[PDB]
Amino acid sequence: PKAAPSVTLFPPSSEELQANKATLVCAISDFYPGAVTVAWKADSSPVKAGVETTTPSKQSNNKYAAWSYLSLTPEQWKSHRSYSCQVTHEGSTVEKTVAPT
Amino acid sequence: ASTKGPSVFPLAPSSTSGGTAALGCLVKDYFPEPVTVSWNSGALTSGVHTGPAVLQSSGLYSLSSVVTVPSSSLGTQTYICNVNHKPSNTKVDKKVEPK
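These protein sequence lines map, in sequence, to chains A and B. Residue numbers for the first sequence follow UniProt numbering, beginning at 36 and rising by one. Going by UniProt numbering, the letters in the second sequence line up with residues 146 to 159, 162 to 246, in that order.
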């Protein structure tokens with residue numbers, strides 16, 4: 036009994052970066068059962084600093100959804116070629132990647 | 146009591164798969180709970196994923212809301228998230244435009 040997660044990764048907004056802050060938002064939805072692991076990569080290196088992931092909640096689609104946030108400095112963000120949010124669900128992983136504008 | 150109203154930032158559509168785009172708002176660094184989020188003053192309800200908040204190490208909360216819309220609606224249909232943080236008597240209506 037399984038449904039794989041849909042994942043959208045948002046980079047920091049221009050407005051947030053101008054305010055000297057940065058947050059990556061990984062929006063996770065449509066999965067079952069309701070447990071996931073979220074791992075973040077800065078280029079290819081694993082990062083846990085500044086990460087907060089919610090406990091999955093049931094949606095009106097009867098499937099689970101969750102969020103993961105990565106907080107970093109604008110300088111950190113701009114120093115990498117990409118960041119990735121990797122969502123592991125029942126042993127398989129859906130990964131999304133974003134890059135500085 | 147001590148309160149802090151949120152900083153709201155757009156999660157721009159760019162985030163598009165098979166003719167559907169995901170867009171949203173990030174409600175950052177507020178205290179205490181709760182915040183509420185609507186879209187287009189309650190006109191947009193379908194396919195909305197909102198909350199729960201995360202408690203950051205700073206002791207402040209953040210929350211997001213993301214909606215999946217048709218990609219054809221972008222730049223035509225305005226998308227505004229309506230964020231209310233009653234504890235600080237703050238409301239923010241953030242327009243979310245394509246990047």
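Beta carbons are placed, not taken as given, at the ideal position from N, Cα and C, and that holds for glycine.
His196 of chain B at chain A interface by Cβ criterion, 8 Å: Chain A, which has a Cβ nearer than 8 Å to the Cβ of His196 of chain B, makes this yes.
When the Cα of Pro68 of chain A is compared with those of A:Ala134, A:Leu107, A:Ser127, which residue comes out closest? Taking the Cα of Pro68 of chain A as reference, the smallest distance to any Cα among A:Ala134, A:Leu107, A:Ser127 is reached at A:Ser127.
Determine the chain B residues that contact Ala74 of chain A at a beta-carbon separation under 8 Å, and present them in chain order. Neighbours of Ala74 of chain A in chain B, taken as residues whose beta carbon is under 8 Å from its own, are absent, since the nearest beta carbon is some 17 Å off.
Would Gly171 of chain B and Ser218 of chain B be called neighbours here (beta carbons separated by less than 8 Å)? With contacts defined as CB atoms closer than 8 Å, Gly171 of chain B and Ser218 of chain B fail to qualify as a contacting pair.
Start and end residues, beta strand (DSSP E) containing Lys238 of chain B: That run of the beta strand (DSSP E) goes 237-242.
Specify the secondary structure class of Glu180 of chain B as computed by DSSP and reduced to three states. Three-state result, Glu180 of chain B: coil.
State the Cα-Cα distance for the pair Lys83 of chain A and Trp75 of chain A, rounded to the nearest angstrom. Between the C-alpha atoms of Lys83 of chain A and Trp75 of chain A there is a straight-line separation of about 7 Å.
Applying the 10 Å Cβ sphere with the 16-neighbour rule, what's the burial state of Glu180 of chain B? Its Cβ having fewer than 16 others within 10 Å, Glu180 of chain B is exposed.
I'd like to know whether the C-beta of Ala38 of chain A is nearer than 8 Å to at least one C-beta of chain B. With 8 Å as the cut-off, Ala38 of chain A does not count as an interface residue toward chain B.
Could you tell me if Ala146 of chain B is buried or exposed, where buried requires 16 or more neighbouring beta carbons within 10 angstroms of its beta carbon? By the neighbour-count rule (16 or more Cβ atoms within 10 Å), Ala146 of chain B is not buried but exposed.
Consider the Cβ of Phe178 of chain B: report whether some Cβ of chain A lies at a distance smaller than 8 Å. False, the Cβ-Cβ gap to chain A never drops below 8 Å.
Pick out whichever of B:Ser159, B:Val201, B:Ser204, B:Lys238 has its Cα sitting closest to the Cα of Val184 of chain B. Nearest C-alpha to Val184 of chain B: B:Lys238.
Flag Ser64 of chain A as yes if its beta-carbon sits less than 8 Å from any beta-carbon of chain B, otherwise no. Yes, contact with chain B.
Could you pull out every residue in the same chain whose Cβ sits closer than 8 Å to the Cβ of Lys113 of chain A, ignoring the five residues on either side in sequence? Excluding positions up to five away in sequence, the list reads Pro135.
Please work out which residues of its chain come closer than 7 Å, Cβ to Cβ, to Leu191 of chain B, disregarding the five sequence neighbours upstream and downstream, and give them in chain order. Same-chain partners within the cutoff: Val214.
Anything in chain B within Cβ reach of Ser92 of chain A, meaning under 7 Å, just list it in chain order. Within 7 Å Cβ-Cβ: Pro199.
So which residues of chain A does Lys242 of chain B contact, with C-beta pairs closer than 9 Å? The premise fails here: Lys242 of chain B is roughly 11 Å from chain A at the closest Cβ pair, so nothing lies under 9 Å.
Please state whether DSSP places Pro158 of chain B in a helix, a strand or coil. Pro158 of chain B: coil per DSSP, three-state reduction.
Excluding the five sequence neighbours on either side, which residues of its own chain have a C-beta within less than 6 Å of the C-beta of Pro234 of chain B, listed in chain order? Residues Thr148, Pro179 of the same chain have their beta carbon placed closer than 6 Å to that of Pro234 of chain B, with the five preceding and five following residues left out of the count.
In terms of alpha-carbon separation, which member of A:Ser95, A:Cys61, A:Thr90, A:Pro91 lies closest to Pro47 of chain A? When C-alpha distances from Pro47 of chain A are compared across A:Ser95, A:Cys61, A:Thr90, A:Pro91, the shortest belongs to A:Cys61.
Within 10 angstroms of its Cβ, does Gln53 of chain A collect 16 or more other Cβ (buried), or is it exposed? Classification of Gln53 of chain A: exposed, given that the 10 Å Cβ count is below 16.
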